[PDB]
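Computed over heavy atoms, backbone and side chain alike; hydrogens, waters and symmetry mates excluded. Residue numbers run from 1 in the order of the sequence given.
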Amino acid sequence: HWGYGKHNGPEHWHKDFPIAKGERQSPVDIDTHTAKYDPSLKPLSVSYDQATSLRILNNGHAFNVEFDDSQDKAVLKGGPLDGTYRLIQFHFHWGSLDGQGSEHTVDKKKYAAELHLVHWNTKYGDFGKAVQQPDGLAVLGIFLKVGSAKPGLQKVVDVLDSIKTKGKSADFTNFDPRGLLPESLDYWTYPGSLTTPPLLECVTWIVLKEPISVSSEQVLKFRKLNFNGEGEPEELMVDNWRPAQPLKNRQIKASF
Ligand SMILES: NCC(=O)NCCOCCOCCNC(=O)c1ccc(S(N)(=O)=O)cc1
Ligand SMILES: [Hg+2]
Ligand SMILES: [Zn+2]
């Protein structure tokens, strides 16, 4: 099955998921000189004071921190969006080296990692239904650059040892996502898709201008994770990112 290896990597995904070559894929390069300043763009509204984290899980392609989304607990609104989007999970994409790892690029510049905070439009009732609509999801993308440690990320880093292989999970309550946000909420937005199979084109991307910094040691722990399950040949979970895809006439709007 699909992965990031040379035999099952992104270049092969189109075979089982033809949408891989659709008209609104994701990730893309943000050409900052071609991005359009849209004055009609509203400021983002991140309401995560009430977020209820549940657990963390190694799903074989990344680690996900899941939240309780049975109620309007942690939501995203404003920006290019209409209605409320509820946080379901967050995960990262990282590289084998500091010079690569992000999915989206800014003027072809790659970051060490990229944080994705996944939300689904509540008008559709459930996540499964949101994935069948063109305005079904909203993913908040935050770039990670190597520098100073991120206080707020440390809690995640420490549990990683507990979910080393695919299929492992650990309780992960009382995690506050606000600790992962940059100071500024300026963003780029464009119509896109999931970045992993099934690559559904249901996402409104909100990519923050300002990156968060993490330490070398924080990033290193990410790379200690395994793609494989327990008792199988060890394969380091690195470079779980997809290359930039053709914009194809879509327009990237800037809130700044
Ligand atoms: N009805 C059968 C069926 O499979 N329906 C599935 C409904 O939607 C399924 C989508 O796959 C779910 C798993 N993936 C994700 O949730 C998921 C979420 C976000 C991103 S990303 N990287 O673009 O932020 C990538 C993947
Ligand atoms: Hg869709
Ligand atoms: Zn992602």
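For the residue pair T165 and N226, no side-chain donor N or O sits within less than 3.5 Å of a side-chain acceptor on the partner. Using modelled atom types, one finds a donor on one side chain and an acceptor on the other under 3.5 Å when comparing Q100 with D239. Looking only at atom types and distance, the side chain of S70 has a donor-acceptor partner in the side chain of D68 under 3.5 Å away. In this model, no donor atom of one side chain and acceptor atom of the other lie less than 3.5 Å apart for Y4 and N240. No side-chain donor from either of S255 and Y37 sits under 3.5 Å from a side-chain acceptor of the other. A side-chain donor-acceptor contact under 3.5 Å links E103 and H93. When only modelled atom types and interatomic distance are considered, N59 and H61 share a side-chain donor-acceptor pair under 3.5 Å. Between the side chains of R86 and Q71, no donor-acceptor pair is found at a separation under 3.5 Å. With no hydrogens or angles considered, no side-chain donor-acceptor pair links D126 and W120 at under 3.5 Å. Under the 3.5 Å distance criterion, with hydrogens and angles disregarded, a donor-acceptor pair is assigned to the side chains of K77 and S45.
Side chain of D38 to main chain of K253: no donor-acceptor pair is present (N/O by atom type, distance under 3.5 Å, no hydrogens or angles). Side-chain atoms of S53 come within 3.5 Å of backbone atoms of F175 as a donor-acceptor pair (strictly under, hydrogens ignored). In this structure a side-chain-to-backbone donor-acceptor pair under 3.5 Å is missing from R242 to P27. The main-chain N or O of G3 is never found under 3.5 Å from a side-chain atom of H12 such that the two would form a donor-acceptor pair. Between the side chain of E232 and the main chain of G229, a donor-acceptor pair closer than 3.5 Å is present. A distance-only check finds a donor-acceptor pair linking the side chain of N121 to the backbone of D135 [under 3.5 Å]. For the pair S102 (side chain) and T105 (backbone), a donor-acceptor distance under 3.5 Å is absent. Of the possible donor and acceptor atoms, one in the side chain of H119 sits under 3.5 Å from a partner among the backbone N and O of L117. Side chain of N58 to main chain of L225: no donor-acceptor pair is present (N/O by atom type, distance under 3.5 Å, no hydrogens or angles). No donor-acceptor distance shorter than 3.5 angstrom exists from the side chain of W13 to the backbone of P198, with no hydrogens or angles considered.
If you take OG1 on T32 and NZ on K109, they are separated by 13.0 Å, rounding to the nearest 0.5 Å. Note that the CZ atom of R24 and the SG atom of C202 stand 7.0 Å from one another [nearest 0.5 Å]. The line from OH of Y187 to CG of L140 is 10.5 Å long, rounded to the nearest 0.5 Å. Between the OG1 atom of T122 and the CG atom of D69 there is a distance of 10.5 Å, given to the nearest 0.5 Å. Rounded to the nearest 0.5 Å, atoms CG (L87) and NZ (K73) are 11.5 Å apart. Rounded to the nearest 0.5 Å, atoms CD (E66) and CD1 (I88) are 8.0 Å apart.
Taking the six-membered ring where the residue is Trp, the centroids of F63 and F92 are separated by under 6.0 Å. Aromatic pair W241/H104: centroids not less than 6.0 angstrom apart. Between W2 and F17, the ring center distance fails the sub-6.0 Å criterion.
Cluster annotation: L57 and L54 are assigned to distinct hydrophobic clusters (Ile/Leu/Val/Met/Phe/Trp/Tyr, side-chain heavy-atom contacts under 4.5 Å, transitive). Note on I30: it does not cluster hydrophobically with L115, by side-chain heavy-atom contacts below 4.5 Å among ILVMFWY residues. Linking ILVMFWY residues whenever their side-chain heavy atoms come closer than 4.5 Å, directly or via other members, places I252 and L137 in the same cluster. With hydrophobic clusters built from ILVMFWY side chains whose heavy atoms lie under 4.5 angstrom apart, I206 does not share a cluster with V131. Hydrophobic clustering (ILVMFWY, side-chain heavy atoms < 4.5 Å, transitive): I212 and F222 are in one cluster.
Aromatic ring orientation, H116 versus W205: perpendicular (interplanar angle above 60°, classes split at 30° and 60°). Using bins of under 30°, 30° to 60° and over 60° for the plane-to-plane angle, the ring pair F90/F67 lands in the tilted bin.
Taking a 6.0 Å sphere around CG of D186, one finds it holds more than 12 heavy atoms contributed by other residues, nucleotides or ligands. The local environment of CD in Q132 is crowded, with over 12 non-hydrogen atoms from other residues, nucleotides or ligands closer than 6.0 Å. Counting non-hydrogen atoms of other residues, nucleotides and ligands closer than 6.0 Å to NZ of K36 gives a total of 12 or fewer. Heavy-atom neighbours of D158 CG from other residues, nucleotides or ligands within 6.0 Å: above the threshold of 12. Around the NZ atom of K164, the shell of radius 6.0 Å holds more than 12 heavy atoms that belong to other residues, nucleotides or ligands. Residue-environment remark: CD (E230) stays at or below the threshold of 12 foreign heavy atoms within 6.0 Å. Atom CG of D171 is surrounded by 12 or fewer heavy atoms from other residues, nucleotides or ligands within 6.0 Å.
Here the side chains of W188 and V28 are not in contact, with every heavy-atom distance at 4.5 Å or above. Residues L180 and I142 have side chains not in contact (no heavy-atom distance under 4.5 Å, counting atoms from C-beta outward). For the pair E23/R250, no side-chain contact is recorded, criterion being any heavy-atom separation below 4.5 Å from C-beta on.
The pair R223-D98 meets the salt-bridge criterion, since a charged nitrogen lies less than 4.0 angstrom from a carboxylate oxygen. Ionic pairing of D49 and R178 is not present here: no N-O contact between side-chain nitrogen and carboxylate oxygen is shorter than 4.0 angstrom.
Remark: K155 qualifies as a cation-pi partner of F172 under the 6.0 Å distance and 45° angle criteria applied to the six-membered ring. Stacking of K209 on the aromatic ring of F256 is recorded, both the 6.0 Å distance cut-off and the 45° axial limit being met.
When every heavy atom of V157 is checked against every heavy atom of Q218, the shortest pair comes out as CG2-O, 3.9 Å.
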